[PDB]
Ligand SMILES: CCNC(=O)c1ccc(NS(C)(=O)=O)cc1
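Here we start with a single chain on its own, the form solved without the named molecule, put down as structure tokens.
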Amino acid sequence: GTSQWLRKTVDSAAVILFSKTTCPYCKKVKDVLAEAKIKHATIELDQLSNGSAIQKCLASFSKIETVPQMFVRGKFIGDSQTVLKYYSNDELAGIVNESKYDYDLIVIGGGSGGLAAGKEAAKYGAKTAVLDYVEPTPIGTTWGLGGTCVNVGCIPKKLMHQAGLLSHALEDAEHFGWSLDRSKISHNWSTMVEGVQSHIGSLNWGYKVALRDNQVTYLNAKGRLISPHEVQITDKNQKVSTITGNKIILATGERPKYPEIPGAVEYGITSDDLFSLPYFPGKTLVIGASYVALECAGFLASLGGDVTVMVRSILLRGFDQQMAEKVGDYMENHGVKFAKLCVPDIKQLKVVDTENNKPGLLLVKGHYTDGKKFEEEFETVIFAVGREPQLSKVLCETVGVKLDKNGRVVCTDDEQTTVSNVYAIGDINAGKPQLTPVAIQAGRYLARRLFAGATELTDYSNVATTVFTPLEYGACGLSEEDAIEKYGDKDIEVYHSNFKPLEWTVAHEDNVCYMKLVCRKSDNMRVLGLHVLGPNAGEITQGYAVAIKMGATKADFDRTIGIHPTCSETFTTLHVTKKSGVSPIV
């Protein structure tokens, strides 16, 4: 296997140096490279078990077995004498810049995954370009560099969640002795939006600075892969040109879907528009039941909105359904209305007032499964009915990249597509969890395999999640119903408990927060899934994901001592099983 790895590493690395830590001839080459500002990867053979064997395999390319050995784009360049010869004759810069292609790496898409891959690749001498373009929404909304999470996703959504949580902080403060009266305080949407957008703007600018500081070429242009190594770009002035690259990373993400009903595209909005909206939505209808739908409905209600969610069937399809129902019950008891078993069939009553920054007015007609008609007026209608890629705008079908039935890219476990120099990461990689830290880990780990000879793969199993509804829901691993389907009801034991945050006592609910561990009896009570509904649920859940990755059992949870007073410590003392029928209430 050693020989196969070395051949792949030499073929793909842009600039790479084989070395030993204790060799003065290697030091001399490093100093020349440092002075000339030549970035490169380095592999220290004296820190590898099979380093002696690698030293022999190197002779298949260089006909020598000593260190140092320097390679550029698959070609042996020289030992120490030869490298210093090139440097002394002012020939070295031209050798390390020689390529059949314009770039070692072209990244199509400047989001979570693409920016992480491009920055990491450039560290090892890969000449890199990042392409990013934001097709405007139907009403014209657009934004800067950084992708979905930065501009219209995790970042603004959690900041508006925090604004909503602060409504209940204001209420709590009265009970803890502060002299304010919450019922006399109001919220100003546009003041919130301006502060959120100023933070987003600092991130757009920080990414541009980071790319320039890493010598990455940033092009604000739409990319299209027309052959394995050729990318056609269209710029802001609609000028069309072509650039070539050795490795290609597709990282173009997804966009919101709309239902195929009259008025939907003309008069409704999506999450893409919500986070920069210049007016407060007012009385709002959210159509959908995804985590995006419930997160947005939740903070709009906490900011004083009259909010309704229209649910076709169930909440949070794909998540543990006991936990999903508890999430929804909390919202319904705290100001969110639900139109259940209902679908839409949108009429305009008032145009948006762009001068006084006020919403319009819409009539929504729909129907319930029991035959009743739905007809109600709303100032704003938000569609959260899923997201999809549009790779036909990105990828000419004659290139040979395989897609699945949902339009996502079919990859091997190292992110390789059916075209061997082309890779796909992030939301468009079929079958993978669609999360920002997954995209970042995939992109950074792939850059190291391509340009630094690394072997580590990304591990996509048991990736922890948190839904940032008014009461947050964190999870790691299998739902209870999925565990029972996979292993049988007789092999599953479930420990559970309600709890109450100490913070909620003086603030005046008892038995609403909830947690459970889903375990496998025949495998030493291995923890298969962890679930918690409560405040700060993402901070609670994160550390347990390390223990689950290492194969934690119920016994491991039992022997660990709790930190007091915290919500998380309740996981360390669980004892009530579902099989026993004993109530989980306090």
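What we label the rigid core is the largest C-alpha set whose atoms superpose within 1.5 Å from one form to the other. When you see a residue number, it is the position in the sequence shown, counting from 1.
Across the superposed structures in 9 other deposited structures of this protein, aligned by the core, the stretch whose Cα atoms lie more distant on average is 30-38, chosen from 30-38 and 544-552. Stretch comparison, 395-403 versus 374-382: after rigid core superposition, larger RMS CA deviation in 9 other deposited structures of this protein is found for 395-403. Gap check for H508 to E509: 1 to 3 deposited residues are absent from the model. In the deposited sequence, the stretch from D345 to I346 hides 1 to 3 residues that have no coordinates.
Averaged over CA atoms, B-factors in the entry run higher in 32-40 than in the other of 544-552 and 32-40. Between 471-479 and 260-268, the higher mean Cα B-factor belongs to 260-268.
Highest C-alpha temperature factor among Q441, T466, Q322, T398, as the PDB entry reports it: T398.
Based on the entry's C-alpha B-factors, the most elevated value among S227, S290, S276, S461 belongs to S227. Placement of the Cα temperature factor of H334 within the chain: middle third of the modelled residues, per the deposited record. For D90, the recorded CA temperature factor ranks within the highest third of the chain's modelled residues.
Per the deposited record, the Cα B-factor of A116 falls in the lowest third when ranked against the other modelled residues of its chain. Per-chain ranking of the deposited C-alpha B factor places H531 in the lowest third.
Placement of the Cα temperature factor of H564 within the chain: lowest third of the modelled residues, per the deposited record.
One more form of this protein, deposited with the named molecule bound, exists but is not displayed; see below.
Proximity of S99 to the named molecule in the bound PDB entry: non-hydrogen atoms within 4.5 Å are absent; the residue sits far from the partner. Although the partner is absent here, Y487 lies well away from the named molecule in the bound PDB entry, with no heavy atom inside 4.5 Å. Residue contact check for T137: one or more of its heavy atoms lie within 4.5 Å of the named molecule in the bound PDB entry. Among heavy atoms of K393, some come within 4.5 Å of the named molecule in the bound PDB entry. This chain is displayed alone, yet in the bound PDB entry one of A452, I95, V216, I269 has a heavy atom within 4.5 Å of the named molecule; that residue is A452.
Of the candidates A53, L48, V546, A59, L48 is the one whose heavy atoms come within 4.5 Å of the named molecule in the bound PDB entry; the others do not. Contacts between stretch 251-265 and the named molecule, counted in the bound PDB entry as any heavy atom lying within 4.5 Å, involve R255, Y258, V265, listed in sequence order.
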